[PDB]
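Engineer: Take this structure first; my questions come after.
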Amino acid sequence: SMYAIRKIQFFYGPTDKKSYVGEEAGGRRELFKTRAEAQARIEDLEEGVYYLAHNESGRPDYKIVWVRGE
RNA sequence: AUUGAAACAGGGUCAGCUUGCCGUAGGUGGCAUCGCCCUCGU
């Protein structure tokens, strides 16, 4: 259906929270038809240096997911 | 008898481990400072 990415973020202190990708801006969460686009998207996020926020434990984990077509 | 009274952004985390400005290339070739006059006049 609609392929996309699940986003998880681990903070120091056992807590941690979840949100998709594409919730940054006016555009809603972004939708890819093919898993290949999602794989490339994962790669290009993994490419760069990662700048930690405050009270952040380690580099985030992305996993791939297809969401039922909205 | 104040929608008041009490209310830590806290606890730590190397910018690091390294690389030749090198190998050469001319200040040369060459033109007379010359041609000339009193120290006399007692």
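FYI, nothing fancy with the structure tokens labels: chains A, B, ... in order, residues from 1 per chain, ligands from 1 as they appear.
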Please report, as a Markdown table, each residue of chain B lying at most 12 Å from chain A, together with the nearest pair of atoms and the separation in Å rounded to one decimal; use only C-alpha atoms (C1' of nucleotides), and order rows by chain and ascending residue number.

Structural biologist:
```
| residue | atom | partner | partner_atom | distance |
| --- | --- | --- | --- | --- |
| B:9 | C1' | A:55 | CA | 9.9 |
| B:10 | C1' | A:55 | CA | 10.0 |
| B:11 | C1' | A:55 | CA | 9.7 |
| B:12 | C1' | A:55 | CA | 10.6 |
| B:13 | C1' | A:57 | CA | 10.9 |
```

Engineer: Next, write the just-selected residues to a file, as a PDB file, in the first residue's frame, keeping N, CA, C and O atoms (P, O5', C5', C4', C3', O3' and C1' of nucleotides) as the atom set.

Structural biologist:
```pdb
ATOM      1  P     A B   9      14.895  24.468  37.448  1.00  0.00           P
ATOM      2  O5'   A B   9      16.172  24.357  36.516  1.00  0.00           O
ATOM      3  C5'   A B   9      16.128  23.589  35.326  1.00  0.00           C
ATOM      4  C4'   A B   9      17.103  22.452  35.385  1.00  0.00           C
ATOM      5  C3'   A B   9      18.502  22.772  34.874  1.00  0.00           C
ATOM      6  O3'   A B   9      19.458  22.082  35.661  1.00  0.00           O
ATOM      7  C1'   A B   9      17.643  20.927  33.713  1.00  0.00           C
ATOM      8  P     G B  10      20.449  22.905  36.602  1.00  0.00           P
ATOM      9  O5'   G B  10      21.363  21.797  37.275  1.00  0.00           O
ATOM     10  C5'   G B  10      21.800  20.668  36.546  1.00  0.00           C
ATOM     11  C4'   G B  10      21.065  19.434  36.984  1.00  0.00           C
ATOM     12  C3'   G B  10      21.807  18.125  36.829  1.00  0.00           C
ATOM     13  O3'   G B  10      22.645  17.879  37.932  1.00  0.00           O
ATOM     14  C1'   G B  10      19.572  17.909  36.061  1.00  0.00           C
ATOM     15  P     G B  11      24.216  18.146  37.828  1.00  0.00           P
ATOM     16  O5'   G B  11      24.822  16.705  37.559  1.00  0.00           O
ATOM     17  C5'   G B  11      24.552  15.639  38.449  1.00  0.00           C
ATOM     18  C4'   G B  11      24.596  14.325  37.728  1.00  0.00           C
ATOM     19  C3'   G B  11      25.720  14.189  36.733  1.00  0.00           C
ATOM     20  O3'   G B  11      26.925  13.798  37.333  1.00  0.00           O
ATOM     21  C1'   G B  11      23.709  13.520  35.726  1.00  0.00           C
ATOM     22  P     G B  12      28.276  14.395  36.751  1.00  0.00           P
ATOM     23  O5'   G B  12      28.809  13.279  35.761  1.00  0.00           O
ATOM     24  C5'   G B  12      30.034  13.493  35.083  1.00  0.00           C
ATOM     25  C4'   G B  12      30.148  12.684  33.822  1.00  0.00           C
ATOM     26  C3'   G B  12      31.165  13.225  32.824  1.00  0.00           C
ATOM     27  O3'   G B  12      31.785  12.139  32.151  1.00  0.00           O
ATOM     28  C1'   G B  12      29.079  13.065  31.795  1.00  0.00           C
ATOM     29  P     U B  13      33.138  12.387  31.340  1.00  0.00           P
ATOM     30  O5'   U B  13      32.671  12.395  29.825  1.00  0.00           O
ATOM     31  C5'   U B  13      32.469  11.163  29.148  1.00  0.00           C
ATOM     32  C4'   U B  13      32.471  11.324  27.653  1.00  0.00           C
ATOM     33  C3'   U B  13      33.371  12.429  27.124  1.00  0.00           C
ATOM     34  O3'   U B  13      33.949  12.027  25.888  1.00  0.00           O
ATOM     35  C1'   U B  13      31.166  12.804  26.419  1.00  0.00           C
TER      36        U B  13
END
```

Engineer: Using the chain letters and numbers from this document, which residues of chain A does DSSP assign to strand (DSSP E), as a PyMOL selection string?

Structural biologist: chain A and resi 2-10+16-20+61-67

Engineer: Output N, CA, C and O atoms for every residue in the selection just made, as a compact mmCIF listing (two decimals), in the first residue's frame.

Structural biologist:
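The new file selection-v8.txt reads:
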```txt
# COMPACT_ATOMS: atom_id res chain seq x y z
N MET A 2 0.91 1.94 1.13
CA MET A 2 1.75 3.11 1.31
C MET A 2 2.96 2.72 2.15
O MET A 2 2.82 2.44 3.34
N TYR A 3 4.13 2.71 1.53
CA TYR A 3 5.35 2.37 2.26
C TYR A 3 5.97 3.62 2.88
O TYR A 3 6.01 4.69 2.27
N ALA A 4 6.46 3.47 4.11
CA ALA A 4 7.03 4.58 4.85
C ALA A 4 7.97 4.04 5.92
O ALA A 4 8.29 2.85 5.95
N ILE A 5 8.42 4.94 6.80
CA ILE A 5 9.45 4.63 7.78
C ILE A 5 8.94 4.97 9.17
O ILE A 5 8.38 6.05 9.40
N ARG A 6 9.15 4.05 10.11
CA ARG A 6 8.90 4.26 11.52
C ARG A 6 10.17 4.83 12.15
O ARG A 6 11.28 4.40 11.82
N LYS A 7 10.00 5.79 13.05
CA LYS A 7 11.11 6.48 13.68
C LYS A 7 11.05 6.27 15.19
O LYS A 7 10.00 6.48 15.80
N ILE A 8 12.16 5.85 15.77
CA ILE A 8 12.27 5.66 17.21
C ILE A 8 13.45 6.47 17.70
O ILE A 8 14.45 6.62 16.98
N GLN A 9 13.34 7.03 18.90
CA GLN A 9 14.40 7.85 19.47
C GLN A 9 14.59 7.47 20.93
O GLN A 9 13.63 7.49 21.71
N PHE A 10 15.82 7.14 21.29
CA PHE A 10 16.17 6.67 22.62
C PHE A 10 16.83 7.81 23.38
O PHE A 10 17.83 8.38 22.93
N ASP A 16 11.87 6.69 25.95
CA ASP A 16 12.14 6.83 24.53
C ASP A 16 10.80 7.00 23.82
O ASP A 16 9.77 6.56 24.32
N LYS A 17 10.81 7.64 22.65
CA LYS A 17 9.54 7.93 21.99
C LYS A 17 9.60 7.64 20.50
O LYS A 17 10.67 7.55 19.90
N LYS A 18 8.41 7.55 19.90
CA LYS A 18 8.25 7.11 18.53
C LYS A 18 7.48 8.15 17.72
O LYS A 18 6.54 8.77 18.21
N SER A 19 7.91 8.33 16.47
CA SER A 19 7.20 9.14 15.49
C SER A 19 7.71 8.75 14.11
O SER A 19 8.83 8.27 13.96
N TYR A 20 6.88 8.97 13.10
CA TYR A 20 7.26 8.66 11.73
C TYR A 20 8.28 9.66 11.20
O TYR A 20 8.79 10.52 11.92
N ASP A 61 17.21 4.52 15.41
CA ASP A 61 16.98 3.33 14.60
C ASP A 61 15.77 3.57 13.71
O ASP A 61 14.71 3.99 14.18
N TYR A 62 15.94 3.31 12.42
CA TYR A 62 14.84 3.35 11.47
C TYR A 62 14.46 1.92 11.10
O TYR A 62 15.33 1.07 10.93
N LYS A 63 13.16 1.66 11.00
CA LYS A 63 12.71 0.42 10.38
C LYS A 63 11.66 0.76 9.34
O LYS A 63 11.03 1.83 9.39
N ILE A 64 11.47 -0.15 8.40
CA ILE A 64 10.65 0.07 7.22
C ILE A 64 9.26 -0.50 7.49
O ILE A 64 9.13 -1.51 8.19
N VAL A 65 8.23 0.16 6.96
CA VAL A 65 6.85 -0.24 7.19
C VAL A 65 6.01 0.19 6.00
O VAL A 65 6.24 1.26 5.42
N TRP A 66 5.05 -0.65 5.61
CA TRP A 66 4.03 -0.24 4.65
C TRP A 66 2.76 0.06 5.43
O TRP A 66 2.29 -0.73 6.25
N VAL A 67 2.23 1.26 5.21
CA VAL A 67 0.97 1.62 5.84
C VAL A 67 -0.16 1.47 4.84
O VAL A 67 0.01 1.73 3.64
```
